[PDB]
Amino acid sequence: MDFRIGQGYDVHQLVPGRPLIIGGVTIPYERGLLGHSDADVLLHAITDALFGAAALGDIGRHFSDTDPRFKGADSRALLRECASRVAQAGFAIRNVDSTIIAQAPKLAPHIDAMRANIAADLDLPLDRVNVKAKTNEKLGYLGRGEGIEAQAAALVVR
């Protein structure tokens, strides 16, 4: 009954010449997310929520964003390693919820694939993983398509 909650946030700029990878899904699009890694904003937010629930710091503490070994890093591999460290700390994952905010492209066709990827990486059934997709109702830099944001919440138990 030693439950703990974590929360996560990430944002990346949307720029030409990059793959668009969200929730482990390579989405065909003229632009992609800019980062040292593959810039998977959704997986990073979930990773942060998991480290946070376990009181293990944050994604930047665990994976160096200047190490050449993480250039173009597969963020699913990072999420699996996060889950491994959370387990080593003594915690079991109970559920993850998340939101992606993007003006474009349409994300609804890809949500089920993202959910399946996250569930596989966390060794969870599909019914403990949720991904919600939103626009920002045309407001701000999100409404202008300059970046994509993700939010996440995770419940774990020791």
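Throughout, we count residues from 1 along the sequence that is shown.
- Of 5-13 and 139-147, the stretch whose C-alpha atoms average the higher B-factor in the entry: Higher mean C-alpha B-factor in the PDB entry: 139-147.
- Please work out which of 36-44 and 63-71 has the higher mean CA B-factor as recorded in the PDB entry. In the deposited entry, the stretch with the higher C-alpha B-factor mean is 63-71.
- Message: Using only the C-alpha B-factors in the record, can you name which of 97, 121, 112, 30 has the highest?
- Response: Of the options given, 30 has the highest CA B-factor in the PDB entry.
- Item | residue 129 CA temperature factor, ranked by third within the chain | For residue 129, the deposited C-alpha B-factor lands in the lowest third.
- Query: Going by what the PDB entry lists, where does residue 101 fall on CA B-factor within its chain: lowest, middle or highest third?
  - Reply: Residue 101: CA B-factor falls in the middle third of its chain.
- Item | Modelled-residue ranking by C-alpha temperature factor, third containing residue 108 | CA B-factor rank for residue 108: highest third.
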